[PDB]
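A single chain, nothing else alongside it, follows as structure tokens in the form deposited in one PDB entry.
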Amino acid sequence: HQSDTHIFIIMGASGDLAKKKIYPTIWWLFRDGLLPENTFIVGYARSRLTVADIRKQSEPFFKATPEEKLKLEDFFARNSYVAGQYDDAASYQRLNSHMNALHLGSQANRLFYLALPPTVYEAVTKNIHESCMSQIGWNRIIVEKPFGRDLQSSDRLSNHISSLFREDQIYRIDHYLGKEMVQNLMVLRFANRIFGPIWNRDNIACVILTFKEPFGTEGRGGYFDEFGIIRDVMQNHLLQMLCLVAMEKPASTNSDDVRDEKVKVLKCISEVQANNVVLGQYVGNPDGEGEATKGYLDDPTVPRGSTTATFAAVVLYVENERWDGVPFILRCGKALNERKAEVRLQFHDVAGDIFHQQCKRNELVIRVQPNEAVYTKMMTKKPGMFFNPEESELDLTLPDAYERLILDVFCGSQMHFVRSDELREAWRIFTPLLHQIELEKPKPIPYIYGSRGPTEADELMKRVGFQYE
């Protein structure tokens, strides 16, 4: 994918999401030439702007340097902007004409990016499929989360998008996915007989899937209330972790095979009520800071009396022979004590204790971020004149995660993007939970800003059987 021209159409160029994360990401990719050499960027938005205005409002987040001002002005040499509405065939045809009025725009692999408001996904995708299809190269679409709110809405959206594009063209992206050691966990799991056969019900006691954040929801508090942590990260990213941990032997490790194993695991998950769900929400930190002094409900853009949770702890199980009866854990949140993303595989104790109850349950952490590291906290003898062992952390282990994911979109690798049927089954899993949520509006348990999360989650892992040192 380094020869044929590509177009990275950023719908919503004036959008805050674009200007804050997408344009700086493609700048990072373009200063180092990770995108293909003949890469075009064609923004699009309602507001009538220009390339100079884009420069003026986006340079500070690009944070370029006088050393590579030349590379910067080459980066804007590939840029362009188109003005139009989101539901009008006239402006859509104008966008198509502008795209075709480039270096083989029709031949260019139009890699659409939907950074536009969530309320229009249906209409924008319908217009894109009707008018903005190039019949030469692949036309992938990047749909940003979330993909509906409950089972019925998600099914309708998925069926519409399936009737428009095929799954080879739909790319459901997840920003938080590391893709660096979510990829290394696969190698560790498959290329070992040390971890291979003990990847079953008898040996691995449980799996803890954690994704914490150090910052709250300052400013953009009006986007999280309608959605909730479950639909934001818990149902997409934590299920991605759970599926890539619980998947059976793919036997060909391709994207389709791994997603099919994900579908098999998910189809092997029974219904989940509130009995395996815990919710939590944060409030003002008494030891305040520049942004910690105000809680979630202190954000003026958040509607008063909103029961949207920012912490979700759920336990899943897989009803197949390899994973029969063995538990899995999902934990996440925002504004927690410290940024982290780990997958702790706690193994069973060896049947028959001989070190006088000193045997600690062997672990295997995959700390996706920050300071990426994989380590097995196995236990070995301490040097000296003794015999007793000590639990020791044994380390076993570069574009950023988001630009790596965009590069994977360019390459065509759909390993880490949820499938239509995978999403359908995933929503089927939590349909009772989501219906209860939208019916009764459950009240999450308050927790302190920058804490470790509600104690009910740790109690949930304890009920599962997870052992905390």
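By rigid core we mean the largest C-alpha set that fits within 1.5 Å across both forms. A residue's number is simply how far along the shown sequence it sits, counting from 1.
Another form exists, deposited in another entry; not displayed. Remarks below refer to it.
Annotation: the position in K145, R344, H98, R149 displaced by at least 2 Å at CA between this form and the one not shown, with the core superposed, corresponds to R344. Relative to the superposed core, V318 undergoes a Cα shift smaller than 2 Å between this form and the one not shown. Core-aligned CA deviation for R46 between this form and the one not shown: less than 2 Å. Here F190 does not count as shifted, since its C-alpha moves by less than 2 Å between this form and the one not shown after the core is aligned.
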